[PDB]
Every structure is written in C-alpha cells, then in structure tokens.
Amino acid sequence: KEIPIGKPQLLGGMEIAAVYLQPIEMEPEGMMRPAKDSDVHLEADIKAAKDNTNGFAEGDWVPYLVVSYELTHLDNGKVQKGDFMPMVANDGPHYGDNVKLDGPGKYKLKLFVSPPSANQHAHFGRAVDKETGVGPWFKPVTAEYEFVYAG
C-alpha cells in the first residue's frame, strides 16, 4: 500500500503530508510519466487545517493549488524536478506524480506549494467583499520530507 514519508506539517492554513506508493496508471496517459516506466507514485495530501482563513472547512481537500517539487538523492546529489498534478483516485483527490527513482538510498522531497492565484492552467477566484469575502491567499510555502527508499 502507501508509505508515509517525513512528518505532516501545518503551513498556510493547511496540513501538508506526503506519501508514496506503486506507480498509478493514469487517464489520459500523457498527463504524466507512464506507470510502466516509473518506480513510485509520489503524493501530497493537502487538507485545510482548523481556522483556515481562505474559506475551506477543516479536512477539506484544497483544490487548484500549484504544487511543485525537487527530489534529491542525498547519497549522490542527483536532483529531479517537476510538478504534481491534481487527480482523483478511489480514496479521493490528491496531488501526485509518477517518477523513476535513482536506486535505493536516502532521498529528500522538497515541496513548493503556491495558492490558486498562481495556477496557469486553470483560473480560480477569491471573494474579497465584506459579506462573502475571505482572507488573503497564503504566501507560498515549502516543506521537506526525508525518507529511505528500499526498492
């Protein structure tokens, strides 16, 4: 099943956790690396925290985020980069990416999370009047997750 990595972190009014699991076969296939050419599926689980100031109830998935990453193989310095895509699976939506790793050893996953105002595939608005408005979007946050990959 899924392997949690690092520790969940409270940032920008959300709880940001990371896991990996087997590569996930995707439709359309061209959205991301094919599962058959990958080692793992990396996943960010991002939910609203209590007293989120952007209109999301505690435990809600936060959609339209821009989630990017740097994955470093600490044993030799190799860095691979990309974006997590939003997607739905049978346990709900998440942000993830199929990746080919660099062999067993110690890895550092660094996530960069920006609010929906930064999405350049899909515009997303925020109410700002007194009656229906919410607080300003969080400024971009980063979170790190270190783990040992076995194969």
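Note that residue numbering follows the sequence shown and begins at 1.
Asks: For the stretches 22-30 and 66-74, which has the higher mean C-alpha B-factor as given in the deposited record?
Replies: Between 22-30 and 66-74, it is 22-30.
Asks: Once you work out the mean C-alpha B-factor for both 96-104 and 114-122 from the entry, which is higher?
Replies: Here the higher of the two C-alpha B-factor means belongs to 114-122.
Asks: Identify, among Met87, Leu109, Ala57, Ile46, the residue whose C-alpha carries the highest B-factor in the deposited PDB entry.
Replies: Spelled out: the listed residue with the top C-alpha B-factor is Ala57.
Asks: Lowest, middle or highest third: where is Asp83 by C-alpha B factor in its chain?
Replies: As the PDB entry reports it, the C-alpha B-factor of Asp83 lands in the lowest third of its chain.
Asks: Can you tell me whether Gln9 has a C-alpha B-factor in the lowest, middle or highest third compared with the other modelled residues of the same chain?
Replies: Answer is middle: the recorded C-alpha B-factor places it there.
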